[PDB]
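First comes one chain, alone, set out as structure tokens in the form deposited in one PDB entry.
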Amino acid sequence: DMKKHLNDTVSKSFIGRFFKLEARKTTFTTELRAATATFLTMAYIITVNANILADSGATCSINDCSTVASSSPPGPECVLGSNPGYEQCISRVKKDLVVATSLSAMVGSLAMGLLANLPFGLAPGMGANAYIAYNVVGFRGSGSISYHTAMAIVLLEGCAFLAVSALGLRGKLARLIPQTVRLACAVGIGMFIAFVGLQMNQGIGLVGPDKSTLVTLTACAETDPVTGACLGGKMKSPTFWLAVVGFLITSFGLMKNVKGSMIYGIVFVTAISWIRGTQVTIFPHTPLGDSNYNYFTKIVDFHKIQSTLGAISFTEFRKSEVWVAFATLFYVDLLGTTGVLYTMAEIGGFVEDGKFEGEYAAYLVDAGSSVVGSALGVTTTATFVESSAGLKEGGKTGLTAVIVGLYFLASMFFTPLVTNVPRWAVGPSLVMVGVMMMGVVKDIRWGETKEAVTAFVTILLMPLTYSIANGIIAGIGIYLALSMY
């Protein structure tokens, strides 16, 4: 009877009256269990998002390169790599981005818990970060838009979404969109994300260049340090097989319904790779590896934001090729939010005939916690679909988001253990999230050619052309041209 008296003294306290613990039958233990389940399922993003945004040309630029035998280092030599100053800068930025993402997940999860009494969790999810980490800012200073404007457009989009959802218009704005294009985009983004975690610059290394044909299987061991082409060997890379083993371990966690799956595989691969000396190690004997090991000697640390702190440059909104990014970010956010939260509501005992009793505040918290992320060094956030563990277990009030935020407190003190995760351990998680996103393709009306052609074009043009915007543009254009009357 030890649990019963704790539950009832909590319920009769002011917390219980504030959250109405008596109504919507549930106890403190069930809510805590739901919160820990959701955290275990969704904890994979503290490192995945940080690693995605770290190799995305952050504040570090050509001005922070080291000194070489030449007079001054020009552009395309430092951003490529093989330079100590830029590597140290990127290591510091990757160290900072973990704390930035944890703070961005806490601010917004606490808001969703307090302002609205709903059991959800918020953090900067896939999509928008996968969009403006390789398509807008490019890979290490590529593309046309610098990193400063990439946060400015996120701030503008968040403010625009807040304005649009405050006074009621977004309900009538996201309903006129065709039904097939929404699902086609949702599938194409997942396919593109899965494709990203395969190349031999951000993933395991299963795909590379070729002269005659564009893409060829090159999981190859002799790997040129400067660029990444191989001088022999095929499907004998010591790291690719370990990554595949980790992916198999993760995949054999989805069946039999284990609590959290991706995090276990990530930590298994990382723990195996932490061994100093083997050919699969993450700390080599170079001075960079020595510094990384010296920092890893201590397991807990209190890092302070010093590099990518709030710093927004509003001096680039005078040209083209930037407003299109804003338009497509608005489109993607509107596509996601309009469906994910309403679908998530049905699992719980919340959906009513024509209202939700908390929709208005939940939609404003989701958009509201985007300015805080833009002036932090991260991208837009969204209600997580992979929070169904809590709704399946229990808990109908704001003891899920608050406890998730309290757990995320105990996630930024372990920065040394989250900064040395190898790049090849991320790939399996990206592939798994691509599979989960693609799982919805069975809801598309493939019968009539009008929807089938549009869906196929939108799905295909995203991974091949390596740009999310082209798929949406080509889907909308085909749908408009076919329906000309």
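Residues carry their position along the shown sequence, with the first being 1.
Another form, the form deposited in another entry, is not on view; read the next lines as being about it.
Chemist: Per best superposition fit, same rigid part for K234 and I282 between this form and the one not shown?
Modeler: Rigid-part assignment between this form and the one not shown: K234 and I282 share a part.
Chemist: Between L40 and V426, does the Cα distance in that other deposited form come out closer or farther than in this form, changing by 3 Å or more?
Modeler: Relative to the displayed form, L40 and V426 draw closer in that other deposited form - a change of at least 3 Å between their C-alphas.
Chemist: Any idea whether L53 and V426 get closer or farther by CA distance in that other deposited form, knowing it moves 3 angstroms or more?
Modeler: Note: Cα gap between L53 and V426 widens in that other deposited form.
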